[PDB]
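Q: Mind having a look at this structure? Questions to follow.
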Amino acid sequence: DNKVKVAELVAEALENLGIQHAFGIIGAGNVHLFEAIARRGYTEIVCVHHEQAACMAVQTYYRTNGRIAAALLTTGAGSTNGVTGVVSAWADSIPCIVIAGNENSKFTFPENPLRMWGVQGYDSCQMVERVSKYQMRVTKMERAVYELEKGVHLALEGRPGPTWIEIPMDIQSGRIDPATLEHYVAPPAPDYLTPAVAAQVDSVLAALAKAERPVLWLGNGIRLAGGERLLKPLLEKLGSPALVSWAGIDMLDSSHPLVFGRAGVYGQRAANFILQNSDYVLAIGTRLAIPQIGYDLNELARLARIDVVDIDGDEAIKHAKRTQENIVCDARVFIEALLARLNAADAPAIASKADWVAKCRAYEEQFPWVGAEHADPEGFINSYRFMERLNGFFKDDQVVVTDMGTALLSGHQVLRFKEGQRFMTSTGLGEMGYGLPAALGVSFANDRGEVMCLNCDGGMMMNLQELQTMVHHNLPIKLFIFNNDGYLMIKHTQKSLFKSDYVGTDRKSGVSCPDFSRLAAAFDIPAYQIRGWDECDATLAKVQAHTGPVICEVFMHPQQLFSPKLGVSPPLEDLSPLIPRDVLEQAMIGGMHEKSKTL
Amino acid sequence: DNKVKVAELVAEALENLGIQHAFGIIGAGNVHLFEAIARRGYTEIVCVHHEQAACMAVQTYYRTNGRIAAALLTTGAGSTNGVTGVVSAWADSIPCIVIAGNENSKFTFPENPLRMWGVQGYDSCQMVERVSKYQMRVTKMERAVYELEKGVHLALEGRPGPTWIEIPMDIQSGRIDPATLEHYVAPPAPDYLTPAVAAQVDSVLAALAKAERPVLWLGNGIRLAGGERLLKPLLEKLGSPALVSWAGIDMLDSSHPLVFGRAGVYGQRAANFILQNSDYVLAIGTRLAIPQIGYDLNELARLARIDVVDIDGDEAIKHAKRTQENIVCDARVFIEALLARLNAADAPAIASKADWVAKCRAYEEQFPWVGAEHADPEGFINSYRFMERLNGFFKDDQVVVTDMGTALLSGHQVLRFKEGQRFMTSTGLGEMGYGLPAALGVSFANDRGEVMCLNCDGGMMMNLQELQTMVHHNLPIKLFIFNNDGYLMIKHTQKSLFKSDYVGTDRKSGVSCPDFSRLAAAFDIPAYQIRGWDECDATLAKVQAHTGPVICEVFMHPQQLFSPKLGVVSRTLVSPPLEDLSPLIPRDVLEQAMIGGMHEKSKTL
Ligand SMILES: Cc1cc2nc3c(=O)[nH]c(=O)nc-3n(C[C@H](O)[C@H](O)[C@H](O)COP(=O)(O)OP(=O)(O)OC[C@H]3O[C@@H](n4cnc5c(N)ncnc54)[C@H](O)[C@@H]3O)c2cc1C
Ligand SMILES: Cc1cc2nc3c(=O)[nH]c(=O)nc-3n(C[C@H](O)[C@H](O)[C@H](O)COP(=O)(O)OP(=O)(O)OC[C@H]3O[C@@H](n4cnc5c(N)ncnc54)[C@H](O)[C@@H]3O)c2cc1C
Ligand SMILES: CC[C@](O)(C(=O)O)c1sc(CCOP(=O)(O)OP(=O)(O)O)c(C)[n+]1Cc1cnc(C)nc1N
Ligand SMILES: CC[C@](O)(C(=O)O)c1sc(CCOP(=O)(O)OP(=O)(O)O)c(C)[n+]1Cc1cnc(C)nc1N
Ligand SMILES: [Mg+2]
């Protein structure tokens, strides 16, 4: 009897694929995979308390060190509970594979006329058909490992994303001669640097040499391409200021002489002025999503030509009405091809950008990230000022993950990072409850490493159960919670629209949150409280000095503003609270926009 | 200017449709609908802390008094977080309507080449396309009220289930003349009593009158059809025994002289013997799922003809190799037609079933629901005995919801119910974390009424956040939690298959649960613990007497067995017939219990 259990071959395959961590919850649909993976001992199974957390953890697990993780779900609700995490990785272009069990293969076919498959199953491939790069149900034992190798390769190729491999129970418990195991041969990797693309790189180098006010917009597509180490020599060789997207903040030192912050609808005042006054914009690995460019392409950088570099052809041309060179290429290959042509024999002379770099620094001197608009409201701690203070307590290898709301906004608008530090969050989908599962992924990726989690009273509730997972494994997760009496982000939304009482956003309107210090005690978690500047520095030093999990509530004003912000619809440079008109006129090269004259 | 905001017309439409409660979470995608509904003041919006709980609560909300509820979800994650709830209503045939927001309609179309829509949207309709009765994206303002009326009707029509209506952002904020609103008119209900179906009823009546050992298998389809009050006059006019499915337990008093429990894979020993020894079985409103009939139709009631009644044509004929009359008819209409023919002057003579009824009672005598197999193991309270003790503390209008695990199995195998009591849970999907959201829907359905939630240490974690919703509204939800060091139900699974150390099912294998009493104290919820029988009655009395939410931990053996149960037995391995539940009774006892003698499989065990 020379036959091996299919589940055992899958566990072996996972080792050969380098997958060292798997997140999920056990069930009858994958009890054979849990057994086989455990008995092999190579892949550690982290058991979560909601399958949604397993499909979110695998994301930041990969973003940490570049090793893919698997989510191990079971039949029925085990799979539907993970859909949210799949959609976030789909939207942030993060690779990861889901291995979901199901009923016996005799029930798993779409032609089934019944509402449900077997006892409690369903077509888990059809549900994520439009939010994952690949989905396959294994109906032959001999192709179980095949689809896992294929699922992993497709998750990592091109624009990364999640893949969904469903294996019915009976396929897991089956036995076959290991010799009959099929294996997936990945096709040859594409050569993006075609003669056409190579000519676009030439056109970009001619504009950079000629541009007097260039601005490079760098995005996480660079880090995903493994070319973040090429940014420091590129900017210094070009002498061109650079902006970073919220997702690619940690690719460069925020204090680098040519890095001038983040622009967008929630961008920094000096960053938006730099972007809107440029004469040439070169986006590399950034999606130029709506929160980055506003709501009107004709109002974006009204003095500049805009070139876009993106490995997704659909993303690269979505702004074609406004952009010129739409370069469909890998970010690393493009940067290397641009750095080569800078040393070519016929490399053009790069015109000086000194006057532009000086005007960029003037903008930052005129509009600091934490300005007067961020004054302590009625004595409360101002989140933006708290982020500036917390910044000084970052360790040399600090990893910061955030949820939505105050943590997201205040974090990405103030916090600075240097090489060795990382900043992560889910911005594509922007789902609440991503902070905690994000910290689990980073922690296990660094062998139970330290992680700082900036969270909110509202977002803490979506995956509140993962505190138990944090305690069970003694993860050194420093969890900051911003208390503001509910959904502060939505308070401003409905107050701008209706100018009436709050609805479903605070305790009076039907949304309340528990005392997280008292929950921390229940979970055996040390907890601190920062209500004012008096105990601020002494507390932050203790939180960073802890070796195990710790919670720290930060109390802010329940109606503190989020600023700077583009709000009601002026141009992108005219952020609220509006600056006096005579000052905006002087800050804009060709004068202010006609919309801003009567505001 | 005679124009009205679309969202305000939606709020008006919800009032005309009778929807008085809406569960969900606010977001930019539905902020306009939150505002319009709140300002109108007819539909109460219940804010939950995870959209999943919203799509679950609307189910038990409807099952309580028959009033449909709406789930109000927002763009992106707001919609995805509710998919689990949709599938569970889809699987249990429970009507409900999801109202989901999305990005501006200019992004919301399937031909969009980009991975996402606008800022963070997606095709929420396609995602529930195979687990919902109807999906539509409102693209014209004049059709917003039309699709909600249509959505509600299709949810209640025929075999009930969830519907998904997506209303883009700009469609909610739009303004139109109320006179331009289109309105959906429901077609006339189908008349199921064709000559062909009337001939089936006559065939069923002819078998019932002749059968010596009949058994009616009543399911929740009867309650969904609104004919559960016809069951008493039907059973007493036929004099036949009857079994109830887990979903339809509360349709008849468990102590009625002719109701003999529930059968299946986790059925009661007495009920399985009554099923397997009958000569005629009439299934009405029950789906005859796999946990009910076993794994081989050729072993189900081998001496009996089987007829099935079900409003869904596919569910009605899925056992056509084994069944005889497959009647596709509404459960109430069928029962009315069967009563009309029983009360007729020309009604046929019903042969006496007295000897069979007597044999059914003897089965309950020899096999009580809580038997010697349920002794207290190693100084722990047995969950089956606890349920029998807890049963005595039910209120006259008690409502019991359950999670999975021990609460589900020990609950449905022991608990008895009277007229006016209710018993709900998710059995089609069987998801963990259904208990708390289930107690929310029942509570709000009865004007913040009292609900008993039988939960578990594991299932509590999925929707743990809804403890805040419970304290916020001061809901009198009595929450029992069975502590057994993890996933006891999976422990028995992996112990049967591998007979080795546990994996991902207890503290040592990677799954731990918090001290729910301490956790309760954090949420300002009074908490009690039941470890022995000495403090049991006093604690149960204090839990029931409270006015607000209560938590009560019940500590059981971390490896207690779930029995009776149809499990695999090593002879080679054998899956015994349905009547041979584990732990196995002596063969000579099983022989005497089977009218025709034991099955060939049972002789070697
Ligand atoms: C409320 C809110 C406010 C926000 N405000 C701002 C703001 O003010 N400013 C701001 O900048 N962002 C802001 N964001 C975030 C922004 O909208 C996006 O979500 C994203 O974070 C922008 O960074 P990115 O383009 O690098 O990320 P992504 O959207 O992940 O961009 C990755 C891009 O790179 C491409 N790519 C992937 N792999 C490769 C490869 N190998 N080679 C080349 N390309 C590749 C992908 O196809 C994709 O187009 C906000 C988000 C929210 C939710
Ligand atoms: C671990 C586990 C163990 C279980 N063990 C058992 C067990 O031992 N015994 C048991 O009985 N159950 C058991 N169940 C539950 C069982 O498998 C089903 O899930 C269900 O609860 C059976 O009850 P039901 O058919 O009434 O419910 P449903 O499955 O919801 O049945 C509803 C049926 O009625 C039909 N219907 C709907 N509306 C109408 C109408 N108007 N007119 C007519 N028909 C209509 C529907 O089409 C459907 O076929 C178990 C479940 C689990 C998860
Ligand atoms: C990302 C923004 C946004 O998505 C948006 O609609 O644009 C927000 S913010 C917010 C309040 C959080 O409030 P919080 O956490 O207390 O933070 P703040 O106190 O700092 O505001 C809510 C509810 N939603 C909508 C939303 C709802 N449900 C899920 C799962 N994801 C969501 N994104
Ligand atoms: C039908 C139950 C069943 O589905 C099954 O596979 O048969 C069970 S039971 C169980 C342990 C409960 O553990 P619990 O709550 O502590 O109860 P017990 O102490 O009584 O075991 C788990 C994990 N699962 C699989 C499962 C996984 N994930 C989600 C969301 N839903 C699920 N149903
Ligand atoms: Mg348990």
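In the structure tokens, chains take letters A, B, ... by order of appearance, with residues numbered from 1 within each chain and ligands from 1 in the order shown.
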Write out as a VMD selection string which residues come within 9 Å of segment 131-140 of chain B when counting only C-alpha atoms, dropping same-chain ones fewer than 2 positions away.

A: (chain A and resid 115 to 116 122) or (chain B and resid 83 86 to 91 105 108 124 to 129 142 to 144 147 151 154 to 155 160 to 168 171)

Q: Skipping near chain neighbours, those fewer than 4 positions away, what residues fall within 10 Å of segment 203-215 of chain B using only C-alpha atoms, listed as a ChimeraX atom specification?

A: /B:197-199,238-243,258-260,274-283,303-308,324-325,327,338-339,341-342,347-357,359-360

Q: Taking only C-alpha atoms into account and nothing else, which residues of chain B lie no more than 6 Å away from chain A? Please answer as number ranges by chain.

A: B: 49-50, 77, 80, 84, 120, 127, 429, 431, 461-462, 465, 510, 518-519, 522

Q: Could you please extract the residues within 7 Å of ligand 2, counting only C-alpha atoms and all ligand atoms, and hand them back as a VMD selection string?

A: chain B and resid 91 to 93 158 to 160 218 to 222 224 to 225 244 to 248 262 to 267 284 to 292 309 to 312 315 329 to 332 409 427 to 428 430

Q: Could you check how far atom CA of residue 557 of chain A sits from atom CA of residue 496 of chain A, in Å to one decimal?

A: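 Atom CA of residue 496 of chain A lies 18.1 Å from atom CA of residue 557 of chain A.
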
Q: What are the closest atom pairs, with distances in Å to one decimal, for all residues of chain B lying within 7 Å of ligand 5? Consider only C-alpha atoms and all ligand atoms, order rows by chain and residue number, and present the result as a tab-separated table.

A:
```
residue	atom	partner	partner_atom_place_in_ligand_line	distance
B:405	CA	ligand 5	1 (Mg)	6.5
B:456	CA	ligand 5	1 (Mg)	5.0
B:457	CA	ligand 5	1 (Mg)	4.5
B:458	CA	ligand 5	1 (Mg)	4.7
B:482	CA	ligand 5	1 (Mg)	6.3
B:483	CA	ligand 5	1 (Mg)	5.6
B:484	CA	ligand 5	1 (Mg)	5.0
B:485	CA	ligand 5	1 (Mg)	6.1
B:486	CA	ligand 5	1 (Mg)	4.4
B:487	CA	ligand 5	1 (Mg)	4.5
B:488	CA	ligand 5	1 (Mg)	5.3
```

Q: Output N, CA, C and O atoms of each residue in that selection to a file, as an mmCIF file, in the first residue's frame.

A:
```cif
data_model
loop_
_atom_site.group_PDB
_atom_site.id
_atom_site.type_symbol
_atom_site.label_atom_id
_atom_site.label_comp_id
_atom_site.auth_asym_id
_atom_site.auth_seq_id
_atom_site.Cartn_x
_atom_site.Cartn_y
_atom_site.Cartn_z
ATOM 1 N N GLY B 405 -22.637 24.049 18.956
ATOM 2 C CA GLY B 405 -21.986 23.306 20.020
ATOM 3 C C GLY B 405 -22.964 22.734 21.026
ATOM 4 O O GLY B 405 -24.052 22.260 20.682
ATOM 5 N N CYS B 456 -21.987 29.320 23.880
ATOM 6 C CA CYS B 456 -20.825 28.498 24.179
ATOM 7 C C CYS B 456 -19.572 29.359 24.177
ATOM 8 O O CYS B 456 -19.529 30.435 23.576
ATOM 9 N N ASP B 457 -18.539 28.856 24.857
ATOM 10 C CA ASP B 457 -17.301 29.616 24.996
ATOM 11 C C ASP B 457 -16.708 29.970 23.638
ATOM 12 O O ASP B 457 -16.141 31.055 23.467
ATOM 13 N N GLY B 458 -16.832 29.077 22.661
ATOM 14 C CA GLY B 458 -16.294 29.333 21.339
ATOM 15 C C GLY B 458 -17.180 30.233 20.503
ATOM 16 O O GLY B 458 -16.719 31.247 19.973
ATOM 17 N N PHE B 482 -21.616 27.797 27.933
ATOM 18 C CA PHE B 482 -21.097 26.479 28.291
ATOM 19 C C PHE B 482 -19.587 26.471 28.088
ATOM 20 O O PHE B 482 -19.104 26.515 26.952
ATOM 21 N N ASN B 483 -18.842 26.408 29.189
ATOM 22 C CA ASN B 483 -17.385 26.393 29.143
ATOM 23 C C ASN B 483 -16.895 24.950 29.117
ATOM 24 O O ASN B 483 -17.231 24.158 30.004
ATOM 25 N N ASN B 484 -16.104 24.612 28.090
ATOM 26 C CA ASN B 484 -15.570 23.261 27.947
ATOM 27 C C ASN B 484 -14.173 23.275 27.331
ATOM 28 O O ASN B 484 -13.790 22.324 26.639
ATOM 29 N N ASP B 485 -13.403 24.336 27.573
ATOM 30 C CA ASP B 485 -12.027 24.442 27.092
ATOM 31 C C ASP B 485 -11.958 24.266 25.575
ATOM 32 O O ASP B 485 -11.194 23.451 25.055
ATOM 33 N N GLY B 486 -12.775 25.040 24.862
ATOM 34 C CA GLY B 486 -12.652 25.131 23.420
ATOM 35 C C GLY B 486 -13.763 24.476 22.622
ATOM 36 O O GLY B 486 -14.930 24.490 23.024
ATOM 37 N N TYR B 487 -13.397 23.892 21.479
ATOM 38 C CA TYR B 487 -14.361 23.381 20.505
ATOM 39 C C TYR B 487 -14.645 21.910 20.799
ATOM 40 O O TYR B 487 -14.149 21.001 20.131
ATOM 41 N N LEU B 488 -15.487 21.676 21.810
ATOM 42 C CA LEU B 488 -15.776 20.304 22.220
ATOM 43 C C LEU B 488 -16.326 19.479 21.063
ATOM 44 O O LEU B 488 -16.028 18.286 20.945
#
```
